[PDB]
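Have a look below at one chain only, the form deposited in one PDB entry, in C-alpha cells format.
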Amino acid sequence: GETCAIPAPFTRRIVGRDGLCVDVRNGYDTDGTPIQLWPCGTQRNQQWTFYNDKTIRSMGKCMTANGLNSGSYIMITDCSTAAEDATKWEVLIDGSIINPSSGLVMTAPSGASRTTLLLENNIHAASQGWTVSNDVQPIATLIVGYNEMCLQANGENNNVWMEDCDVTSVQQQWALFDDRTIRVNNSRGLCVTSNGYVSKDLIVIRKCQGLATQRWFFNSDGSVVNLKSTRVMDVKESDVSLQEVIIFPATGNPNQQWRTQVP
C-alpha cells in the first residue's frame, strides 16, 4: 500500500449566496464577533484557513458556531477555549458546511449584504449552499445534454428545453454559482427552479430565492441531481420535441447525462 499525506493549513474564500463571501464583521479579530455575508474582496476577514483538525479561522481566531441549536448564529473566538464541538466543521462536495456534532449547517436565511449566518436544520436550500475557493468567480458554461443538444433558457417562469447548441445564444449560457445554483448568465436573477419533488415534475427558470428546488448538485456520474429530492433532471421521454426537462429517478441512462462545457 501507500498512505496519502496529511495536508497543511490552506487559506481559501467562502461563497454561497448571490456571489457574496463569508467574513468576520468589521474584520475585528475580537472574540464573539459574528459571521456575515459580504461582497468578496482582498481582506483577511474574508480569508479562511482550513486545518486538518477540522477548524476554519480568519485572523487566527477559530470560526465557531457560538450558541448551539437550530437558529444559533456563527462567530469567531479563540481556538483553545472554543467549545470542542462548536469549532469542528465538515465541507462535503454537496456544497454545504455541516457542523459534525450538531448536524446543523451554515445557513444564510437571506442573501443581503451584511446578513449574519447561522447553524440551521439542513434542508437542502441554495441558502445552505457554500463553495470554498479563492476564485469567487463562477464559470460560464453550456449544459449539453441529450443528442449533443444544449439546454436552453426561455422566459421568466417559462420552461427550459434542449435546443440546438449555439455558443453565441446567451439563452444557453449558464452561470454556475458557488451557492450550488444554476442561473442565467444574461440575468443571474433567475435560478433553474423545479415545480415539485415528484418524478415528471417540470423544471423551469423561476426567480432566485434559495429555495430547496434551486439547489443543484453535479454528480460525478454526469447527472445533475436535485438535492432535496433524489430526482435528477432529464429529457422527458427523450422526445426533445416535447420541450421539457424534468426531475426523474436516476436510471443511469444518457437522457439524464449532462456535460458542462466552458465559455
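The term rigid core refers to the maximal set of C-alpha atoms that superpose within 1.5 Å between the two forms. Quick note: we count residues from 1 along the sequence shown, nothing fancier. Only residues modelled in both forms are compared.
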Exercise for the section: Could you check the entry and say whether 53-61 or 37-45 has the higher mean CA B-factor? Expected result: 37-45
Problem - Stretch exceeding the other in mean C-alpha B-factor - 218-226, 64-72 - result: 64-72
Handout entry: Most elevated Cα B-factor in the entry, residues 122, 134, 152, 96
Key = 122
Problem - Given 240, 250, 24, 20, the residue at which the Cα B factor reaches its maximum - result: 20
Fill in the blank from the handout: Sorting the chain's modelled residues by C-alpha B-factor and splitting them into thirds places residue 112 in the middle
Exercise for the section: Would you please rank residue 105 by its C-alpha temperature factor against the other modelled residues of its chain and give the third it falls in: lowest, middle or highest? Expected result: middle
Handout entry: Ranked against its chain, the third holding the CA B-factor of residue 130
Key = lowest
Exercise for the section: Rank-wise, by C-alpha B-factor, drop residue 16 into the lowest, middle or highest third of its chain. Expected result: lowest
Exercise for the section: Rank-wise, by C-alpha B-factor, drop residue 205 into the lowest, middle or highest third of its chain. Expected result: lowest
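Separately, the form deposited in another entry exists; it is not shown, and the next lines address it.
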Fill in the blank from the handout: In 219, 238, 209, 55, the 2 Å or greater C-alpha shift between the shown form and the other one, rigid core superposed, occurs only at 238
Problem - residue 168 C-alpha shift between the shown form and the other one of 2 Å or more, rigid core reference - result: no
Exercise for the section: Take the rigid core as the frame of reference and indicate whether the C-alpha of residue 157 shifts by 2 Å or more between the shown form and the other one. Expected result: yes
Fill in the blank from the handout: Under comparison with the form shown, the C-alpha atoms of residue 168 and residue 157 in the other form shift by 3 angstroms or more, placing them closer
Problem - Outcome for the Cα pair residue 157, residue 153 in the other form, compared with this form (closer or farther; change of 3 Å or more) - result: closer
Exercise for the section: Determine the segments between the shown form and the other one made of three or more consecutive residues whose Cα atoms all move at least 2 Å, using the rigid core for the superposition and only residues common to both forms. Expected result: 155-159, 237-243
